[PDB]
Amino acid sequence: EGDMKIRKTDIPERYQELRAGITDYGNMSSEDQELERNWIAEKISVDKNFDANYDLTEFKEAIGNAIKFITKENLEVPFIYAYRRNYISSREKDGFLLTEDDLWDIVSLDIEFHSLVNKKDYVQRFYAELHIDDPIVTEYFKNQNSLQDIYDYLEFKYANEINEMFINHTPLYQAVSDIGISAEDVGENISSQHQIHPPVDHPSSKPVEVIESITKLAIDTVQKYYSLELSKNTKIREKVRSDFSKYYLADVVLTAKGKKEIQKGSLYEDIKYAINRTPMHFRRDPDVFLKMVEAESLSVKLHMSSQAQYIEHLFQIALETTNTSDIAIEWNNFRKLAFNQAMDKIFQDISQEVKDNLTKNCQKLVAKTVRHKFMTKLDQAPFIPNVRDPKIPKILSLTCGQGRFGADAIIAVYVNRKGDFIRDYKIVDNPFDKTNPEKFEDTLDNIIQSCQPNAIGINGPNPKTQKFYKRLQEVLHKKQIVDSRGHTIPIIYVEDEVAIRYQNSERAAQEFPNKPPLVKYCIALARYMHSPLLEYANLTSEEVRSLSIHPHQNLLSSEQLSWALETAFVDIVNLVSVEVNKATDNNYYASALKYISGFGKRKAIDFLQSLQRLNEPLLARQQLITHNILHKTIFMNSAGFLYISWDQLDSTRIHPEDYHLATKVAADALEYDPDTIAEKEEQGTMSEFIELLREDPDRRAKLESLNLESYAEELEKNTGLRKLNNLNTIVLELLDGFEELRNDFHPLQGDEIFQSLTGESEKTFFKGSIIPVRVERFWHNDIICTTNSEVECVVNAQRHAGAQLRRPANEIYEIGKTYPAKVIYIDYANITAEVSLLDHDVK
């Protein structure tokens with residue numbers, strides 16, 4: 001029972017899921033909070049690339065503002081970006097703005113900072129429990145990844161003392177002493193680089209002798225445990241750390257099978273022997289590193305700029321017998337060996353640390369690009385035909401299946417404006433039937449007259465789908481089926497990456513128990529044209545993670561991928577909004593609910609359930625509180641993303657807290673006297689101004705004439721609020737509540753069509769590539785052939801070395817043989833390319 005705690009708690013669901021591993025989230029010290037504002041500010045300034053002169057004060061203040069909004073006020077990114085833009089951007093035009101990417105970044109870093117503080121507090125509380133006064137560690141929590149090292153140090157040095165802390169809650173060493181310098185002192189030596197503790201040599205006895213006072217099975221052990229003790233010193237490890245994380249390089253080493261895979265043909269023809277690099281190179285191309293990691297499942301070695309020399313150099317700074325006696329020499333050899341063993345070990349650890357941390361760093365860049373690639377998918381407004389009369393289209397979606405025009409039949413589905421499946425069709429007439437061709441025409445026609453669709457969508461497995469498409473246009477023209485404008489109804493290819501997932505899905509078997517796969521496939525296509533957002537939003541987790549979004553996406557950890565996707569969803573889902581009433585009555589449509597700011601997978605259910613008990617439709621937004629449905633904050637996060645189609649302002653992107661402001665702009669737009677306005681205002685009848693502005697036939701001209709720059713200034717000058725952006729989106733909404741703000745729908749065009757039906761990667765069949773082509777039909781002089789991927793390629797009558805030796809081209813080449821040739825024009829739209837077979841273009 002953790003779900004009741006989430007359903008009840010008045011906090012955004014996503015925040016509860018993030019802070020789940022964080023003890024005492026609220027109570028944080030002052031200092032820690034102070035450091036966090038500055039630390040996050042750093043993590044962002046980077047990508048902003050500011051001038052060395054640039055004064056960061058206003059920028060860091062904006063970061064502070066963002067952190068207040070997230071961590072104390074529990075507002076989510078969408079709310080901050082929609083209704084608080086002026087508190088996270090620079091006052092002066094074009095200074096800085098925290099983009100939405102940035103705000104999600106800030107969320108992540110905050111959680112991360114709290115975790116760190118938890119670990120720090122945990123260790124420091126752990127140390128107080130050892131009632132031991134260790135000078136190293138006490139200095140540590142005064143003066144200042146490193147946490148793990150001190151902790152490891154306590155578990156080593158005070159082992160017994162801790163072994164006893166737990167029970168409570170639930171002579172060889174002389175030789176070490178004879179070395180003339182303690183492990184701790186070496187640490188303190190390095191922080192000064194001068195060597196304030198010179199080692200003292202043994203007074204008389206040699207190394208070997210102090211041993212005899214009790215063979216090689218006893219000299220090894222001492223050296224091993226002294227090596228061990230030396231490698232745990234925090235000061236030393238600290239030194240090596242960081243000097244390594246900046247002055248390191250990358251060495252890639254091939255393996256047994258790693259030398260066969262390459263062959264200069266794979267995409268590693270430029271990292272197969274990469275040696276000696278820098279953090280910059282991977283700053284520039286962070287994918288490069290991940291590639292390596294895929295290839296390895298070669299390997300990846302991180303070396304230092306000069307390791308052999310650095311270690312050698314360490315002796316010049318510390319452990320250095322200036323004395324010329326034999327004894328010092330002997331003692332010194334022991335020390336050098338012990339030291340090298342220890343230092344190798346340290347390097348083996350820090351290499352691994354810096355590698356781990358570089359890996360995570362590249363993963364971070366890739367999560368980002370993945371989120372945008374996916375976001376551009378989500379950010380497609382419903383396809384609208386002609387554009388001159390925005391109207392949601394009735395859809396007829398067709399598929400040519402495997403494309404056997406005399407065996408697979410043509411499948412058609414009809415979907416209406418509301419998105420409803422009305423019926424399906426099985427056209428059995430062969431479109432390219434010799435006698436008669438018209439049979440397949442009148443039936444396609446009948447179906448179009450019975451349905452009157454406004455758009456046609458198609459797609460299929462192979463290039464036969466093309467032939468189908470050409471045909472459909474010829475039928476649309478021969479039969480003269482136009483719109484309102486008189487233009488032939490548009491046919492568009494429709495991204496089908498989701499339809500593929502729906503036809504073989506449980507969600508499909510339940511929705512349509514007795515329709516066949518290809519029908520489920522076309523119903524999808526239609527549904528995609530109506531709302532690409534909702535298609536993605538209706539896949540299962542498995543299904544959403546299985547889309548091919550970015551080639552390097554499989555390089556992310558599940559957590560990172562889950563994150564990239566979810567934030568993209570929240571962004572577009574709140575941009576478009578949700579009709580309460582429409583979600584509470586349509587489960588497909590209520591699928592977008594779980595991503596609205598404040599809500600999650602669990603809150604969405606509970607919310608819909610509250611609405612169903614009401615047994616009547618929701619009227620004003622305000623009723624969300626009166627009826628005891630949402631609490632203060634969850635109501636604040638979600639108020640302006642939940643609308644009621646049509647208190648008239650509940651159908652705009654204007655947030656409730658700004659209503660009283662909205663009515664104030666209307667009164668001034670119309671130029672009402674201040675006496676009249678104040679009068680209505682005392683009464684509490686300001687809303688009336690909205691009606692008066694709605695009636696006025698000149699309404700647009702009066703809004704557009706308000707100077708928002710002048711206006712926001714006066715507002716702030718009187719109330720201490722920054723609402724410029726707010727007023728701006730208000731006026732836009734008063735002109736027209738909830739306009740479509742997604743980018744246009746993007747129908748597959750040329751290269752994408754090609755890439756769809758052919759399945760040929762753009763990096764696999766490109767302009768100027770050599771592709772083996774199998775002659776097929778000849779021509780007076782042109783040679784028609786095909787490739788191995790079902791693409792019809794025409795070799796020009798003048799590109800096959802026919803007119804170079806005169807005489808027909810038939811006699812030269814063999815029907816069906818294969819010949820290497822270089823492609824030269826590709827007609828992506830018509831799945832064909834003109835290719836040249838000349839020796840000069842094959843060499």
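Scattering from the C-alpha atoms of the stretch 388-531 alone, worked out with Debye: what is log10 I(q)/I(0) at q = 0.13, 0.14 1/Å? Scattering profile of the stretch 388-531, log10 relative to I(0): -0.54, -0.63. The Cα atoms of the stretch 151-217 give a gyration tensor whose axes a ≥ b ≥ c have a/c of 1.5 or more with a/b no greater than b/c, which makes the shape oblate.
So what is the calculated 222 nm ellipticity per residue for the chain, using -39500 (n - 2.57) for each DSSP H run with n of 4 or more, over all residues, to the nearest 500 deg cm²/dmol?
Details: 39 runs with 425 residues, N = 843.
After summing the helix terms and dividing by residue count, I get -15000 deg cm²/dmol.
Between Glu112 and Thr786, the FRET efficiency estimated from the beta carbon spacing at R0 = 60 angstrom works out to 0.60. Ranked by the mean number of other Cβ atoms within 10 Å of their residues, highest first, the peptides 23-35, 99-111, 190-202 come out as 99-111, 190-202, 23-35.
Would you mind calculating the relative contact order of the stretch 332-442 from Cα pairs under 8 angstrom and at least 6 residues apart, reporting the percent as a whole number? Can you show the working numbers first?
Values: 91 pairs, mean separation 13.5, N = 111.
Taking the mean separation of contacting Cα pairs over the length of the stretch 332-442, I get 12 percent.
With each label modelled as a point 7 angstrom along the Cα→C-beta vector, the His840-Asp606 pair spans 7.6 nm.
Could you run the Debye sum over the Cα atoms of the stretch 22-170, one equal point scatterer each and no solvent, and tell me log10 of I(q)/I(0) at q = 0.11, 0.13, 0.14 Å⁻¹, two decimals? One equal scatterer on each Cα of the stretch 22-170 leads to -0.57, -0.71, -0.77.
The Cα atoms of the stretch 714-840 cover 91, 25, 22 Å along the three principal axes, with the biggest extent listed first. Note on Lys426 and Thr9: the model spin-label points, each 7 Å out from Cα along the C-beta direction, lie 5.5 nm apart. The mean sequence distance of close C-alpha pairs (under 8 Å, at least 6 residues apart), as a share of the length of the stretch 1-136, puts its relative contact order at 28 percent.
How would the stretch 581-652 be classified by its alpha-carbon gyration tensor: rounded, prolate or oblate, with rounded meaning a/c under 1.5 and the a/b versus b/c comparison settling the rest? Rounded.
Ignoring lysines fewer than eight residues from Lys817 along the same chain, the ones with Cα atoms less than 23 angstrom from its Cα are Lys843. Taking max minus min of the alpha-carbon positions on each principal axis, the stretch 246-316 gives extents of 49, 28, 19 Å, largest first.
Using DSSP, restrict attention to beta bridges with both residues in the stretch 388-531 and report what percent are antiparallel, rounded to the nearest 5. Provide the component values of the computation, followed by the final result.
Working: 12 of 19 bridges.
Close to 65 percent.
Taking a point 7 Å out from the Cα of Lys345 in the direction of its Cβ, the residues of the stretch 231-249 whose backbone N falls within less than 12 Å of it are 231-233.
Using R₀ = 35 Å, calculate the FRET efficiency as 1/(1 + (r/R₀)^6) where r is the Cβ-Cβ separation of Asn27 and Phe156; round to 0.05. With a Förster radius of 35 Å, E is 0.65.
Using per-residue counts of other Cβ atoms within 10 Å, averaged over each peptide, order 440-447, 153-160 from highest down.
Values: 440-447: 17.2, 153-160: 14.5.
Most protected by this proxy first, the peptides run 440-447, 153-160.
Shown for the stretch 22-170: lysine pairs separated by 8 or more places, or found on different chains, whose C-alpha atoms are under 18 Å apart, numbering 9.
Calculate how many DSSP beta bridges within the chain are antiparallel, expressed in % of all such bridges and rounded to the nearest 5. Spell out each step's value before the answer.
Values: 38 of 52 bridges.
Percent antiparallel among DSSP bridges in the chain is about 75.
FRET efficiency for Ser645 and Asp751, Cβ-Cβ distance as r, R0 = 35 Å, nearest 0.05? Each step should come with its number before you reach the end.
Working: r = 40 Å, r/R0 = 1.13.
It comes to 0.35.
The three principal axes of the C-alpha atoms in the stretch 341-447 carry coordinate ranges of 88, 39, 22 Å, sorted with the longest axis first.
Hey, what did the stretch 744-843 get for relative contact order, percent, Cα under 8 Å, at least 6 apart? Once normalised by length, the contact order is 30 percent.
The 3J(HN,Hα) values that the Karplus relation (6.51, -1.76, 1.60; θ = phi - 60°) gives for the stretch 269-278 are, in residue order, 6, 10, 9, 6, 10, 6, 9, 6, 10, 8 Hz. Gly and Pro appear as x. Stokes-Einstein diffusion for the stretch 647-743, with the hydrodynamic radius set to the Kirkwood value over Cα pairs and evaluated at 37 °C in a medium of 0.692 mPa s, equals 237 µm²/s. Per the Debye formula on identical point scatterers at the alpha carbon atoms of the chain, with no solvent, log10 I(q)/I(0) at q = 0.04, 0.08, 0.09 Å⁻¹ is -0.29, -0.98, -1.12.
Legend: ranking of residues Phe166, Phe126 from fewest to most surrounding C-beta atoms inside 10 Å; resulting order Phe166, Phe126. Direction-averaged projected area, Cα convex hull, the stretch 302-377: 6.3 nm², rounded to one decimal. Indicate the gyration tensor shape class of the stretch 182-233 (rounded, prolate or oblate), computed on the Cα atoms with a ≥ b ≥ c the square roots of the eigenvalues: a/c under 1.5 is rounded; otherwise a/b larger than b/c is prolate and the rest oblate. Oblate is the answer for the stretch 182-233, as a/c is 1.5 or above yet b/c matches or exceeds a/b.
When each of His303, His114 is scored by the number of other beta-carbon atoms lying within 10 Å, the sequence from fewest to most is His303, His114.
The ranking of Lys360, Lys439 by Cβ neighbour count inside 10 Å, starting from the fewest, reads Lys360, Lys439.
Heads up, the Cβs are rebuilt from the backbone with ideal geometry, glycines too, and the neighbour counts pull from every protein chain shown. Only the coordinates and a few stated rules stand behind these numbers; no lab work does.
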